[PDB]
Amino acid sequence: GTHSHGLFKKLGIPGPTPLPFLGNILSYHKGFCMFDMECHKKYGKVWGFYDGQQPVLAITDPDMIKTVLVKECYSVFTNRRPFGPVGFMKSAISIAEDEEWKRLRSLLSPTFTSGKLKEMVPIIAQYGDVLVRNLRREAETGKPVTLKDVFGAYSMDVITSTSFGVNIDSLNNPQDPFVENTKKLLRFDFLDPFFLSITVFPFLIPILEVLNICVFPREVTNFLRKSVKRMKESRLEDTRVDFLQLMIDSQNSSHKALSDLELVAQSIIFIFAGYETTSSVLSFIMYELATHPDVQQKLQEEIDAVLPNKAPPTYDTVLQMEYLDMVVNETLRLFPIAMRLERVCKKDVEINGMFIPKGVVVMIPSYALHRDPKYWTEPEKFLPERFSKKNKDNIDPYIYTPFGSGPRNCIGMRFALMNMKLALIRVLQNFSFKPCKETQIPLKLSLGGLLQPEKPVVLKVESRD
């Protein structure tokens, strides 16, 4: 019948012996991260395992990784692992493949330049202020703050705004249908029963498509696909520096420009990529700043220096802040929320020594590499100075990859970084953050399939009066 599980040893690559049907998925009770590091402790440079009958080949040599992500990104390693029933979200850039992906990447790239980003800063800066007013109250309240709630609220405020021009306080408007629906767009947990099932029975994905059962909830994609050219139509033609307009502007004068539907797919996929990723990283950073008041006041002092008497951050004053950037990247080292980068091997190739067969998912265990002893001194420590100017080129760009690498890295990187930084500055420009003993110390990751804390982060918030 199926004859998948013989592949790696038959070519000479080590790995945990698979079970019939299951492959190695029982080994996921630990979680992706724990599983990945333990594999690297025991098989070294390269190993192989099976998500069901699907061969996954892990790699950890930096120029082999450069090779996959950059080298023949186009010729061989262009797409990611198909993962569940996707419906029309087939057209979203992150999900699209080969030429359609290359088309969308090119069509969507100009929208993410540093230029258009400088023009989005005032919009998103505004919701820094909104966050502060919303944080004042729960600080002064007395009681601890659940960070993913006040950052979830910020991330959304900033998403609706730069995506559709929609200007709302998500926190204080929880039924605004436009807020209500978009919270359901959380990140996928590939260790969920559903997805695990899908992994074992991939021959059930086409079954779900028929039934229109979809990993993006029907009701949520229905409401935004509706909102979009409710608004792409003449609320627009009254005549917005945002994502939607830039995509509209590129339907209006190379290869065939953005479809109407393909545009909505993008709008949606942007939300999905940017909402819970941003809010998560922000929680992780605020956790670190709380449990290292060493870093927190040093940063607060950098912020006041660049921005005296609560001066409002600009594009340039942000890029200026070197210790802030140090804080941001060190937290992404410890908590790379993608965990893994993956590419599907389109053809038989041999990359710096070893032959990869067509069909193998080539995987880069980012979480593991970020906590590797060979490239990192004291990997478990929160130590921003590893990213100090100098001391930071020892650092291989192919070992440290919180946003991936090559032509298919995170399109939203400069934005995500800018967005997070504008939050941090205004929040630190007004408050301090300290442990309560509801605060889990030390902090544990979920054993699940999302990089997120065991229990949500709660902290004491004080005004700098």
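C-alpha atoms forming the largest set that superposes within 1.5 Å between two forms make up the rigid core. Start at 1 with the first residue shown and count on from there.
Fitting each structure in 9 other deposited structures of this protein onto the rigid core and averaging C-alpha distances over structures and residues, 211 to 219 emerges as the more displaced of 265 to 273 and 211 to 219. Comparing 176 to 184 with 323 to 331 by root mean square Cα distance to the shown form in 9 other deposited structures of this protein, with the rigid core used for the fit, gives 176 to 184 as the more displaced stretch.
Figure legend: residue 199 is marked as modelled in all of the other comparable entries of the protein, none of which omit it, let alone a third. Modelled in this chain, residue 237 is nonetheless unresolved in at least one third of the other entries of the protein that span it on both sides. The modelled chain breaks after residue 253 and resumes at residue 254, leaving 4 to 9 residues of the deposited sequence without coordinates. According to the entry, the stretch of the deposited sequence that connects residue 212 to residue 213 contains no residue lacking coordinates, so the chain runs unbroken between them. Higher mean CA temperature factor between 432 to 440 and 397 to 405: 432 to 440, per the PDB entry. A summary of the deposited B-factors shows that, of 276 to 284 and 136 to 144, the stretch with the larger mean C-alpha value is 136 to 144. Of the candidates 192, 149, 372, 330, the deposited coordinates give 372 the top C-alpha B factor. Out of 383, 341, 241, 96, it is 241 whose C-alpha atom has the highest B-factor in the PDB entry.
Residue 51: CA B factor in the lowest third of modelled residues in this chain (values from the PDB entry). Annotation for residue 260: CA B-factor lies in the highest third of the chain's modelled residues. Among the modelled residues of its chain, residue 367 has a C-alpha B-factor that falls in the lowest third according to the deposited record. Ranked by Cα temperature factor within the chain, residue 100 sits in the middle third according to the deposited record.
Residue 325: CA B factor in the lowest third of modelled residues in this chain (values from the PDB entry).
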